[PDB]
Structure formats: C-alpha cells, structure tokens
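Respectively, the protein sequence lines represent chains U, G and X. Those letters in the first sequence? Residues 137 to 188, by the numbering used here. Those letters in the second sequence? Residues 31 to 287, by the numbering used here. Those letters in the third sequence? Residues 304 to 570, by the numbering used here. Okay, so here's the structure we're looking at.
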Amino acid sequence: XXXXXXXXXXXXXXXXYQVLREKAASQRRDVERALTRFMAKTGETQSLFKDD
Amino acid sequence: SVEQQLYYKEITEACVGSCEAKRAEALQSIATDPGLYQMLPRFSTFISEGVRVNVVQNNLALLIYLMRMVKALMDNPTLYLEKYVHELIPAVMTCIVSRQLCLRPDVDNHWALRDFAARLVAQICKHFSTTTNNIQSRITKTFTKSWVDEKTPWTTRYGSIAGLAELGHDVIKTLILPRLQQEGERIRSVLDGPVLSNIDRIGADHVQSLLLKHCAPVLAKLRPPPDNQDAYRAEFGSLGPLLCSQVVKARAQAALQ
Amino acid sequence: XXXXXXXXXXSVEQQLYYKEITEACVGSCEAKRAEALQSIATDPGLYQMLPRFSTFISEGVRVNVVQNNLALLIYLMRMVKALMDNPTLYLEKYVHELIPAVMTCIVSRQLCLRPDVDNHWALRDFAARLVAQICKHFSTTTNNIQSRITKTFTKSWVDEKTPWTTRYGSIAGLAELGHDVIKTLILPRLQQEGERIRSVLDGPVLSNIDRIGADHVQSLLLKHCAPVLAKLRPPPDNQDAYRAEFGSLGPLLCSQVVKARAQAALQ
Numbered sequence: 137x138x139x140x141x142x143x144x145x146x147x148x149x150x151x152x153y154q155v156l157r158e159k160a161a162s163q164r165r166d167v168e169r170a171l172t173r174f175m176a177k178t179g180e181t182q183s184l185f186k187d188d
Numbered sequence: 031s032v033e034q035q036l037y038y039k040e041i042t043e044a045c046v047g048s049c050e051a052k053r054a055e056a057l058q059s060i061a062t063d064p065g066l067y068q069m070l071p072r073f074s075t076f077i078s079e080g081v082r083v084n085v086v087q088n089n090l091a092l093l094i095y096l097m098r099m100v101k102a103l104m105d106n107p108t109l110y111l112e113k114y115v116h117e118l119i120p121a122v123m124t125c126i127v128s129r130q131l132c133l134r135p136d137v138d139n140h141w142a143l144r145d146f147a148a149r150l151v152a153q154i155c156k157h158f159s160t161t162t163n164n165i166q167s168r169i170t171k172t173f174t175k176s177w178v179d180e181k182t183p184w185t186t187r188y189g190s191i192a193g194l195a196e197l198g199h200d201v202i203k204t205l206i207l208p209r210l211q212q213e214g215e216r217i218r219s220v221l222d223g224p225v226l227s228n229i230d231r232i233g234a235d236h237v238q239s240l241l242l243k244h245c246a247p248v249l250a251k252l253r254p255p256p257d258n259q260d261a262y263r264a265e266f267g268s269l270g271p272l273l274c275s276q277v278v279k280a281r282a283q284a285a286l287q
Numbered sequence: 304x305x306x307x308x309x310x311x312x313x314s315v316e317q318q319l320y321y322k323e324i325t326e327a328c329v330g331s332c333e334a335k336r337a338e339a340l341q342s343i344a345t346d347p348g349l350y351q352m353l354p355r356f357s358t359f360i361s362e363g364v365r366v367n368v369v370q371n372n373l374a375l376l377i378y379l380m381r382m383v384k385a386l387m388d389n390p391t392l393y394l395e396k397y398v399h400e401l402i403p404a405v406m407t408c409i410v411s412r413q414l415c416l417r418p419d420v421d422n423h424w425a426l427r428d429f430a431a432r433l434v435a436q437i438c439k440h441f442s443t444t445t446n447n448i449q450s451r452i453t454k455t456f457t458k459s460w461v462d463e464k465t466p467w468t469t470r471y472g473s474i475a476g477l478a479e480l481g482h483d484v485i486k487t488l489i490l491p492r493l494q495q496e497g498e499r500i501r502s503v504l505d506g507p508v509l510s511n512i513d514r515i516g517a518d519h520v521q522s523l524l525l526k527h528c529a530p531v532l533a534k535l536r537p538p539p540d541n542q543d544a545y546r547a548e549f550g551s552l553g554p555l556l557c558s559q560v561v562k563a564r565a566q567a568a569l570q
C-alpha cells in the first residue's frame, strides 16, 4: 500500500473536554488581564502601594 | 462574548488615534500578551483592509502605525502566526508598492521608513520559510520581477531594492551585483539630462544611497581593497570610489572590535 | 465561514511507511538497517515524503549533536548517503537545510567518551566523503558549495586554539575535494602543518588525549595527503624531500612514497 494506494488526513481531533474548557477559560483570564493592563497604564491611575 | 470586542475596540482605537504614550503602550501590550489570540484573525483582517484603505487614502501615519502593529504581532513568543501569515504578507508588501500617490518630499524618507517595514520582511522569513518551502521563493520572484523591468516607478524599484537589502548577504551578492551597472546607467540617464522630475531625481538619489550604503560590505568581503578607480571600472564608475571609501569605513568598523 | 479542515501531503499509509523508515533508522537489527538503506536509495517517485522527512532529520541531527551520540550520527549519515543515491529525488531545492547538518557532523566535539573518540574520526572520514559526493553536482550555480565550503575550511584551518577535531574535519574535507584542491592548499600547508606537528610532537608536558588525538590525526592526514605530492613529485631524495616537507613527514612521507611506487607497480 506504501506506493499504490492512498488515504485521507483529517489530523486534528483535539477533543479533550476538561482540557478544552481549561483552554477557553485561561484565554478569558488572559484577555481580562490584558485589557486591565491596557487601561491600567492608559487612563487615570491610582495605586495600592506607592508607584505600582 | 463581550471583552473580545471590548479589547478589540480600544486597541484599534488606540491604533488609530495619535495618543503617543497610549500608542506605544498598546504596542508594548501586544508585545507582552500571554495568550492573546483568537482576536488575531479579526486583528489581521483589520490590518489588511485598513492597509487597502490607507493605500487609497495615503496616510503615512496610519501606515507606520500598522507597521508597528505588525512588528508587535511578530514579537509575541506565544503567537503561532503561521496560518494567518498569508494576510500579512500582502499587507506588508503592498506597503512596499504604492504608486507615489502621497505628497512628494519628505515621504521619500518615509518611503525609507517603509523600508523599516521591509526589515519586518526578513523578520517574517527567518521564522517562516519553514514551508513546503515556498515563502522566500515567492517574495524573491516578486522582487525579481520588480527589479528587472522598465515601466517601474521609483517607489517600486526603491522598495524592492529595500526588501532584497533586508534579505541580506548573498541576495545582494548574487542578485543585485548583475544589473547593478545597468540600473546605475538608468540613474545616469536620470542624471545629467532633464531637471524637473525631482520626485524621480531625489528618488534615484536615495536609491543610490540604498545601493552604496547597503551594498558596500559584500564587495568588501569579495573584492579585495586595493584599486578604487579600477573597482569603479569594475562596477560602472559612480559607486566608486565611495564604494571603496565606504569599504574602508566598513573595514574600520570591522576592526573596531 | 469556517473553511474545511486541511489534509496533509501524506497519506496515512505512507506516513506509516515513513514511521517504518524512521524506526528502522533507529533499528538495532542491521537487516532492518540495510532494508531501510535500500528502501531510501531505491524509492524513486517518493518525493513527497521528502523534505518533512529530511527537515526534522536535520533537526534530530542538531538535537543529537547536543546529545553527542555517535550511533544516531552514523545512522543519519548513512541515511544521507542513501538519500544521495536515490537518483530521481533531486536535491536542489531542498539542499539548504541538509548540508549544514553534514558540516556540523564534520566540525567538533563528537565526544561520547574520551577513549572512544576513535569511531568519530571514521565518522568524519565518511562525512567528508559524503561532502565529496555532494560537491560534484551543485557548484555550477551559485557557488555556495565550492567557494563557501572551501573558505569555511580555510578560515577554520586558520582558527588557532581550537580542538583538533576541527582541524581533522577541515583538512579531511579539503582532502575529499580533490587532487588539485590539495595541490593548492597543502603546498604551503605541507611545512606549516609540519610546524603544527612539531608543535604537537615534542610539544607539551602532558595532555595525552590531545596528544594521541592530534598525533594520529596528523599521521592520517599525512599519508592521506601523500598521493598528491606523489603524483606531483618524483620519489627521489627522501632526505631532501623531508627538508622539502619540514622533516616530520620524513620518512613516513617516504614510506608512503614507497607505498605509492608499489601501487604504481601494481598497475
């Protein structure tokens, strides 16, 4: 079969349930902290310590 | 959800508005993002179509904004940029095109600043010629058909020379060396004849600047540094002896270590 | 608008065939080894289990250069040999992520064990032999092959205070380039490398790893360089020829000249 016949490649299952929703929720946390850092250094800023 | 387009909203609005600290802070934001993707498809799509807009609109400030945006996309050590690169590469190289349709004067040097963008090109290909090997062949054929022909404006020739320049060493050694002298004669025809195409005049002038002050070191390696006037004879006069003078400068820069 | 999911260049069948290729490249049974070697060298029209194959073959080369393991080295280098003789699969477009792995196999620090550097010299011999098989096909074009590898080994030979594995790999690669190559190169490097010999020999206080290494290296490259000047010079005046070759070649150069006269008498 290694020369004559052929096959088909789908190649991406990735269906690991808890791992999937870990990916999604971790990404949501990322976008949270990203926009936080952005408007953090963007707008009027007051701190918790001095100069953070 | 919501925060997707929230983040998208304010980072595009900072990408367009000229709040310069917020500008640079958005750039360092994108550069320092753990796990900013899935915004990436909409991101790049915006980049492509805003490029087309500002091609039609000829707003150089938005152009350097988008180029810094691409630079920031490049500098994530998380962003597997791969599958989307086919949108950036037009959006890159079309910025190395446009039909001289801004105002002239300073834009020439801003054309030079678009060569900054050409730096990005090499900073693409080093990470992305990993293909069923496609990318470098594609871009170099593109620059080749750019570089060879006539009916080729100074925007086109200038930026193509710039992109090959950013591709580096043996690109210049193999590809720019041959019709070096012929395009030097093209500029010599731009020289010494008519006067009032000063777009084209100063265009070819900082073309000469690109050629000399990028193409010196490969000849400094190859051609041994006697015979300045003969090197002018060996490389059509005009680059010499500033070819050899810049070669002396480059040998000094090498010996400075 | 979400596009249809992709499909690779492979089939599942031929990628499992590829996995057989790889694990036979691992293969301890030399029957499986030779089966793999013949399967490489005589599958024309394969062409599509090309570069991906060769690409992280070269990546495995880098990783095992780090791992410093001669068995993976000899397996990959005979693999590249069998790649070189499968005549349909043209090398040109896919050259430029392969040849540096060969030269990294040439250069240095193939150090599994210090008493076991012995096989690595033969590895370098085989490697430079492979480079010699490369160089007869590709330098018509852009001269990466001849000019870059020659100037590479040139400035590599110039590199003082480097381990002698570098020196051996350099001079062996220059040896494999040909008769007239060495005729150019080891014309001054005859007595200059003789100066290197008697810097090594009658040299240090004690470093017998480096002593025995560089000593057999100099001996190997001596009698391997010998057929050039044997074809060049007539075999008269061995006492003068040792003066013409800084002494240390004498009379091992003269013994090799006697061997060359014997090889001529075999004709």
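Idealized CB from N, CA, C, for every residue including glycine.
{"Query": "Sub-8 Å separation of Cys155 (chain G) and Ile206 (chain G) beta-carbons", "Result": "no"}
{"Query": "Chain G residues whose Cβ lies nearer than 8 Å to that of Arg157 (chain U)", "Result": "Those do not exist, as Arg157 (chain U) stays about 14 Å from chain G at its closest Cβ, beyond 8 Å."}
{"Query": "C-beta neighbour in chain G for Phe185 (chain U), strict 8 Å", "Result": "no"}
{"Query": "Proximity test, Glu158 (chain U) beta-carbon vs the ligand ADP heavy atom, cut-off 7 Å", "Result": "Although the ligand ADP was asked about, the structure shown includes no ligands whatsoever."}
{"Query": "Cβ distance (whole Å) where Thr468 (chain X) is taken to contact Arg432 (chain X) below 8 Å", "Result": "Their Cβ separation, rounded to whole angstroms, is 17 Å, which puts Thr468 (chain X) and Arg432 (chain X) out of contact at 8 Å."}
{"Query": "Which of helix, strand or coil DSSP assigns to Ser48 (chain G)", "Result": "coil"}
{"Query": "Per-residue contacts from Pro64 (chain G) into chain U (C-beta, under 7 Å)", "Result": "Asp166"}
{"Query": "Per-residue DSSP class, three states only, for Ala547 (chain X)", "Result": "coil"}
{"Query": "DSSP-derived helix/strand/coil call for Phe429 (chain X)", "Result": "helix"}
{"Query": "Close-in-space but distant-in-sequence residues of the same chain around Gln542 (chain X) (CB under 8 Å, 5 per side omitted)", "Result": "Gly553"}
{"Query": "Expected contact under 8 Å - CB spacing of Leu70 (chain G) and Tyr114 (chain G) to nearest Å", "Result": "6 Å"}
{"Query": "Terminal residues of the alpha helix (DSSP H) in which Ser167 (chain G) lies", "Result": "165-178"}
{"Query": "Member of X:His527, X:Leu493, X:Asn511 whose CA lies at the smallest distance from the CA of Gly550 (chain X)", "Result": "X:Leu493"}
{"Query": "Beta carbon proximity, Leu109 (chain G) to chain U, threshold 8 Å", "Result": "no"}
{"Query": "Candidates G:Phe158, G:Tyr188, G:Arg149, G:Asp230: closest to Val127 (chain G) by CA position", "Result": "G:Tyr188"}
{"Query": "Residue environment, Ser361 (chain X), which counts as buried when at least 16 other CB atoms sit within 10 Å", "Result": "buried"}
{"Query": "Any C-beta of chain G under 8 Å from that of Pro403 (chain X)", "Result": "no"}
{"Query": "Alpha-carbon spacing of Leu143 (chain G) relative to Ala234 (chain G), whole angstroms", "Result": "16 Å"}
{"Query": "Rounded C-alpha distance that separates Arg98 (chain G) from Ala44 (chain G)", "Result": "12 Å"}
{"Query": "Whole-number beta carbon distance between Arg134 (chain G) and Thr185 (chain G), since they are thought to touch under 8 Å", "Result": "That pair is no contact at about 11 Å."}
{"Query": "Sufficient close CB pairs (3 or more, under 8 Å) joining the stretch 420-432 of chain X to the stretch 467-487 of chain X", "Result": "yes"}
{"Query": "DSSP-derived helix/strand/coil call for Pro71 (chain G)", "Result": "helix"}
{"Query": "Closer than 8 Å to chain U by CB, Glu265 (chain G)", "Result": "no"}
{"Query": "Cross-chain neighbours of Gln163 (chain U) in chain G, by beta carbon under 7 Å", "Result": "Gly65, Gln68"}
{"Query": "Contacting residues, own chain, Cβ-Cβ under 7 Å from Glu479 (chain X) (five flanking each side not counted)", "Result": "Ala431, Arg432, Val434, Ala435"}
{"Query": "Residue-level contact to chain X via CB, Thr204 (chain G), 8 Å cutoff", "Result": "yes"}
{"Query": "Under 8 Å between C-beta atoms of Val520 (chain X) and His482 (chain X)", "Result": "no"}
{"Query": "Reduced DSSP secondary structure (H/G/I, E/B, other) of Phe441 (chain X)", "Result": "coil"}
{"Query": "Stretch pair the stretch 51-60 of chain G + the stretch 153-160 of chain U: three plus CB contacts closer than 8 Å", "Result": "no"}
{"Query": "Between the CA atoms of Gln370 (chain X) and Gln341 (chain X) - distance to the nearest angstrom", "Result": "28 Å"}
{"Query": "Integer-rounded CB distance, given that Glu196 (chain G) should sit under 8 Å from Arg149 (chain G)", "Result": "5 Å"}
{"Query": "Rounded Cβ spacing between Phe174 (chain U) and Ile119 (chain G) (contact assumed at less than 8 Å)", "Result": "The pair is not a contact, with the Cβ atoms about 28 Å apart (cut-off 8 Å)."}
{"Query": "Exposure of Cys274 (chain G), with buried meaning 16 or more beta-carbon neighbours within 10 Å", "Result": "buried"}
{"Query": "Neighbour flag for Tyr95 (chain G) against chain U, beta carbons, 8 Å", "Result": "no"}
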